[PDB]
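Trainee: Please read through the structure below; I'll follow up with questions.
When we count neighbours, we look across all protein chains shown, and the Cβ atoms used for this are built from the backbone with ideal geometry, even at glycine. Every number here is computed from the coordinates shown, using simple stated rules; none is lab data.
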Amino acid sequence: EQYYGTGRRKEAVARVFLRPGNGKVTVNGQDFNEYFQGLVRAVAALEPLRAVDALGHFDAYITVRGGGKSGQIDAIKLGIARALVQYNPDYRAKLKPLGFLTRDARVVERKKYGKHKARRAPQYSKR
Amino acid sequence: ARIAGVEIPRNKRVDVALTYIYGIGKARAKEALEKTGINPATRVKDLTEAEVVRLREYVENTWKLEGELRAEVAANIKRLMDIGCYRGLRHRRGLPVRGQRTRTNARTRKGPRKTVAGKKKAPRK
Amino acid sequence: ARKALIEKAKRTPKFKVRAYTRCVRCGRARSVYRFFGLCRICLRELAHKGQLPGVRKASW
Amino acid sequence: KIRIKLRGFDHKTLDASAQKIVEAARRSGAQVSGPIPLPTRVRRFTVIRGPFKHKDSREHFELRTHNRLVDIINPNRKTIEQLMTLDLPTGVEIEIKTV
Amino acid sequence: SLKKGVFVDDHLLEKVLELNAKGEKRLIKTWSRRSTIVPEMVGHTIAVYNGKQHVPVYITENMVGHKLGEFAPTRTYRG
Amino acid sequence: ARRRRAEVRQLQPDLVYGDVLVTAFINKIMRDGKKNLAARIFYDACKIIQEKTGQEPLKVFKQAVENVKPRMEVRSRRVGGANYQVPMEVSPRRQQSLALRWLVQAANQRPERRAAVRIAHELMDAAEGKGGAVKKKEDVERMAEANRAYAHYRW
RNA sequence: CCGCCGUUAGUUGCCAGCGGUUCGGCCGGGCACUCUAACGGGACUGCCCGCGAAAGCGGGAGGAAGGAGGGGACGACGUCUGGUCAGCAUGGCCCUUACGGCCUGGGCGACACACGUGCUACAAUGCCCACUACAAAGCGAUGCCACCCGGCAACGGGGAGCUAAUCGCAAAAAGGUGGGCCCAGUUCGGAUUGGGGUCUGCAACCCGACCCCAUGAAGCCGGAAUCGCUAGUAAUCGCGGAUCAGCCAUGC
């Protein structure tokens, strides 16, 4: 009845609620196709739905927040993947080498005090 | 189909083609084109002499352009160089007015940089 | 001349636009973090030599 | 009906005290809404290491300021009494308000 | 450029108010090359300071009312 | 580099047709960050291109890719002083890679208005062999067999 | 620091489930969830297929995480007798009815030029308008400065809150929705030049930043060379902060 799911990615945390039903999603206040009318990673975030073809089995209400829209979206992906696992661990087993429960190592990392953008030094003169 | 100083833009959005012109930018443009009619969108190949004429009736019958704006500035400058205020001093000597940085820059008001001789670089290495 | 500069803005002279800070344990106003009134090098000597609560060699 | 604000430095020392609050207050007073933590506010600063004026050689330092918060219901005698007589910060500071 | 009311110098004020009341000399020296130009002096030879020495200049008409030191050169060598 | 033979690394499995070629192209067009601006340009493109002809996009696309696939290159070689131009048969990775990036070059030249038409025109012309980058590819092949001498003197 | 799990606590928040509901958590109500955080855990090539005298290399399972997890702080014995006494301390040497005190004024802002390092464009992967999303990080009751009245605004008048997860600085921007430009110095671009002003400050001459009426320069992507950089990195995108009255801050 209450298939809760968590999903974190890049300065954003997705409070993903999955309930049983239609496999249709209304995210944070706007429709899935309307909130996310810009990045096609939207439907890509629904990859777990398409992974078990459950884009019709289980409804969803979402509360993802933080970062930028993209990171939010991918985080939602992790969330959807994690909601079914809690209530059906037969599903995590078939979804591991698919890369669904392995995470990142990213942020716009701490600024350097010798270079502009960490990798960007002052250009070098020599003379 | 003319106005002043033999100026005709020909086939374009009116007010833009007008902003192309000396002494008047977008502000004055919209101002005139909103006090004396004419919608901005209309291209000029479909005009009529009436509003052309009365537009030119807001143009010169009010402020000043071309022949004056240059002459006025010129007079003011003749004043800046009448007692020789620091400003007019630097008007003569060939530099900007701000008095900021001319040590390496200042080539927007006095031609290309003609290298003296470098004055010979020491061992900076 | 160095003795004057410190006694100068010490006893309040005229307009607010002439109030330079001071590392009172060295004597300078330049890059003096006006939260303490301590210059760069000297804020560093005091902090280094441990005489400061809650001052941390950042590890973040 | 009691609110208390806590501003301390050293985490270990402060927390054991912030524990000593809610713990012993759960005795001398009734229910003590445990130390709902307030983000370690930090006064950030930067400096150099060498005096021979360069544009290199720099280190970052943080004034790490710990915040802790306490809420209490309807108070008692004993609370006031014993929890006004003792406190050993030897550092940390405590500032309270009964809104 | 001061919102309302302009900025000048009242030492020159005390000097000039009794200078106008007569129209005495041609010696209106000023070791204060700051104050904005104020026409209320009938324009006499402001023998102002030049950072280095007391260099003069006459004030006449067209100068509507603009600051002082820009007329005391103070900068040596020209280019 | 030295101790290392480096490694490979995955390409974003196209979220429309599920191929690596697609995203490699996408990433070429992807400028200054916004992957989806330029990607949108190429998908708009693919829709236009698949309107113009009677076959699917990956077909025309792959045919163009084959019209590239630069099988031989020319590097630099020491000879105690003089310079050699070593004509060597590539690893298909760089073949297809700079096939997509030189595709992108041909698109850089193309004087078309909106980008979609540039990319489109390019894929057509290329798929036939009338493409700029394809032409280029065979020209660099001419470079490869012009120094056929150097094909026996490599580094 | 950040990535997962857990114990530990909810005036941040939350209908996740109910209610009031001005269908804004706005309010009872809860604190499961978010976060915030005290403390721990958790992954070692432990294991599996294989090869190797080994080191260990290739695949696989497992799992939040792999086989240094993405980064730090740390910079040896000693060198370059580099350099800082003008940040300091300090020896030595020198000034003393002054190389010092006071101050007004100007000067480090000056200029025929070489160069570094930074910024902003030469457009159509791009600019202008409206429209509307999604960041973190911080400073702020000797301060941060909103909400209304004004105005083109800078900025000022009434001044509201905030000793501050509860109020504020504050508005992110790229984007993307609808339209307009049309490859032309091009509504590209903003230096320079004139005049109108407001703030700050005693006061913006030599010496300020900004709102505005006017020009709209040089430039249609760059010689010889030289430069950074292996991924959330180049690039792009905005900001807080700090010294600081304001302010040349594109710097850091």
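Trainee: Per q in 0.10, 0.15, 0.18, 0.21 Å⁻¹, report the Debye log10 I(q)/I(0) for chain F, using one uniform scatterer on each alpha carbon and no solvent.
Mentor: -0.42, -0.84, -1.08, -1.31
Trainee: Rounded to a whole number, what is D in µm²/s for chain A from Stokes-Einstein with the Kirkwood radius over alpha-carbon pairs (20 °C, 1.002 mPa s)?
Mentor: Details: Rh = 15.8 Å.
The diffusion coefficient I find is 136 µm²/s.
Trainee: Normalised by the residues of chain A, what does the relative contact order come to in percent, with Cα pairs under 8 Å and at least six apart? All intermediate terms of the calculation are to be shown ahead of the outcome.
Mentor: Numbers: 221 pairs, mean separation 40.6, N = 127.
Value for chain A: 32 percent.
Trainee: So for chain D, what are the equivalent ellipsoid semi-axes in whole Å, largest first, each being the square root of 5 times an eigenvalue of the Cα gyration tensor? Please list the in-between numbers first.
Mentor: On the way: eigenvalues 295, 31, 19 Å².
The equivalent ellipsoid of chain D has semi-axes of 38, 12, 10 Å.
Trainee: Give me the inter-chain shielding for A:29-39: mean count of other chain Cβ atoms within 10 Å, whole number please.
Mentor: Per-residue shielding by partner chains comes out at 1.
Trainee: In the range A:14-57, which residues have a backbone nitrogen under 18 Å from the label point lying 7 Å from residue A:106's Cα in the Cα-to-Cβ direction?
Mentor: From the range A:14-57, the list is A:14, A:38-48.
Trainee: If you don't mind, there's one more thing I want to ask. So for A:92, A:65, fewest C-beta neighbours within 10 Å to most, what's the order?
Mentor: Working: A:92 15, A:65 12.
So the ranking, lowest neighbour count to highest, is A:65, A:92.
Trainee: When the helix-only estimate is applied to chain C (DSSP H runs of n ≥ 4, each -39,500 (n - 2.57), divided by the residue count), what is the mean residue ellipticity at 222 nm, nearest 500 deg cm²/dmol?
Mentor: Details: 2 runs with 15 residues, N = 60.
Counting only the DSSP helices, I get -6500 deg cm²/dmol.
Trainee: Taking the Cβ-Cβ separation of residue E:58 and residue D:98 as r and a Förster radius of 45 Å, what is the calculated FRET efficiency to the nearest 0.05?
Mentor: Working: r = 76 Å, r/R0 = 1.69.
Efficiency for this residue pair is about 0.05.
Trainee: Restricted to Cα positions, what overall size does the range B:1-71 have along the principal axes? Three whole-Å values, descending.
Mentor: 36, 22, 21
Trainee: Of the beta bridges DSSP finds with both residues in the range F:48-145, what % are antiparallel, to the nearest 5?
Mentor: On the way: 8 of 9 bridges.
Bridges in the range F:48-145 that DSSP calls antiparallel: roughly 90 percent.
Trainee: How big is the dipole moment of the range F:1-152 about its Cα centre under a simple scheme where the beta carbon of each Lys and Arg is +1, that of each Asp and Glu is -1, and everything else is neutral? Debye, nearest 20, please.
Mentor: Numbers: 32 positive and 18 negative charges, 157 e Å.
The dipole magnitude comes to about 760 debye.
Trainee: So which trypsin sites (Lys or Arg not before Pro) in the range D:15-83 are both in a DSSP loop and have at most 10 other Cβ atoms within 10 Å of their Cβ? Each step should come with its number before you reach the end.
Mentor: Numbers: sites: D:20, D:26, D:27, D:41, D:43, D:44, D:49, D:53, D:55, D:58, D:64, D:68, D:77, D:78; in loops: D:49, D:53, D:55.
Sites meeting the loop and neighbour criteria: D:53, D:55.
Trainee: Per-residue mean of other chain beta-carbon atoms within 10 angstrom of the beta-carbon, peptide D:45-57? It would help to have the intermediate numbers written out before the result.
Mentor: Working: counts 7, 4, 10, 4, 4, 2, 4, 0, 0, 0, 2, 2, 2.
Partner-chain Cβ atoms within 10 Å, mean over residues of D:45-57: 3.
Trainee: Which angle between 0 and 90 degrees, to the nearest 10, do you get for helix A:69-87 versus the longest principal axis of chain A when only C-alpha atoms count?
Mentor: Once rounded, the angle reads 40 degrees.
Trainee: What is the helix-to-structure angle for B:26-35, meaning the angle in degrees between its Cα long axis and the longest Cα principal axis of chain B, kept from 0 to 90 and rounded to the nearest 10?
Mentor: With both axes taken from Cα atoms, the answer is about 20 degrees.
Trainee: Put +1 on the Cβ of every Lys and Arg and -1 on every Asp and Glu Cβ in the protein assembly as shown; which of F:12, D:92, B:99 then has its Cα farthest towards the positive end of the dipole?
Mentor: B:99
Trainee: I'd like the per residue volume of the convex hull spanned by the Cα atoms of the protein assembly as shown, given in cubic angstrom.
Mentor: Values: hull volume 271.3 nm³, N = 645.
Given the Cα convex hull of the protein assembly as shown, per-residue volume reads 421 Å³.
Trainee: Hey, another quick one. Mind checking the angle between helix B:49-59 and chain B's longest principal axis? C-alpha axes, 0 to 90 degrees, to the nearest 10.
Mentor: 40
Trainee: Loop only by DSSP, 13 or fewer other Cβ within 10 Å of the Cβ. Give me the chymotrypsin sites (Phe, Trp or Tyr not before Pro) in the range B:1-67 that pass, ordered by residue number. Mind dumping the intermediate values first?
Mentor: Values: sites: B:20, B:22, B:58, B:63; in loops: B:20, B:22, B:63.
Sparse-neighbourhood loop chymotrypsin sites (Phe, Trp or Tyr not before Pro): B:20, B:22, B:63.
Trainee: While we're looking at this one, here's another question. What dipole magnitude, in Debye to the nearest 20, does chain A give about its Cα centre under +1 on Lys/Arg Cβ and -1 on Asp/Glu Cβ?
Mentor: Details: 26 positive and 11 negative charges, 294 e Å.
Dipole magnitude for chain A comes out near 1420 debye.
Trainee: While we're looking at this one, here's another question. Please enumerate, by chain and number, the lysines with C-alpha under 17 Å from the C-alpha of residue B:30, excluding those fewer than 8 residues away in the same chain.
Mentor: B:12, B:64
Trainee: Provide the percentage of antiparallel DSSP beta bridges, counting only those with both residues in chain A; round to the nearest 5. Write down the numbers at each step before the final one.
Mentor: On the way: 15 of 18 bridges.
Roughly 85 percent of the DSSP beta bridges within chain A come out antiparallel.
Trainee: In addition: Rg to Rh ratio, chain C, alpha-carbon atoms and Kirkwood radius? Working shown, then result.
Mentor: On the way: Rg = 13.9 Å, Rh = 12.9 Å.
Taking Rg over the Kirkwood Rh, I get 1.07.
Trainee: Which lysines does residue E:67 reach when only Cα atoms under 20 Å apart count, and residues fewer than 8 places away in its own chain are ignored?
Mentor: B:78, E:3, E:4, E:15, E:29, E:52
Trainee: Taking 8 Å as the Cα distance limit and 6 or more residues as the minimum spacing, I'd like the relative contact order of chain F as a percentage.
Mentor: Values: 191 pairs, mean separation 38.5, N = 155.
Rounded, it is 25 percent for chain F.
Trainee: Also: Counting pairwise Cα distances across chain E, what percent come out greater than 17 angstrom?
Mentor: Working: 1431 of 3081 pairs.
Result for the distance tail: 46 percent.
Trainee: The range E:23-71 to the range B:52-125: how many Å between their Cα centroids?
Mentor: 27
Trainee: If you wrap a convex hull around the C-alpha atoms of chain B and split its volume per residue, what is the figure in Å³?
Mentor: Details: hull volume 24.2 nm³, N = 125.
It comes to 193 Å³ per residue, whole-number rounded.
Trainee: Something else now. Magnitude of the Cβ-charge dipole of the range B:1-71, K/R +1 and D/E -1, about the Cα centre, nearest 20 debye? Let's see the in-between values first.
Mentor: Values: 14 positive and 11 negative charges, 54 e Å.
Dipole magnitude for the range B:1-71 comes out near 260 debye.
Trainee: Also, quick follow-up: Please state the equivalent ellipsoid semi-axes for the range F:1-58: what are the square roots of 5 times the Cα gyration tensor eigenvalues, largest first, in whole Å? Display every interim value, and only then the final one.
Mentor: Numbers: eigenvalues 159, 41, 15 Å².
Working from the Cα gyration tensor, I get semi-axes of 28, 14, 9 Å.
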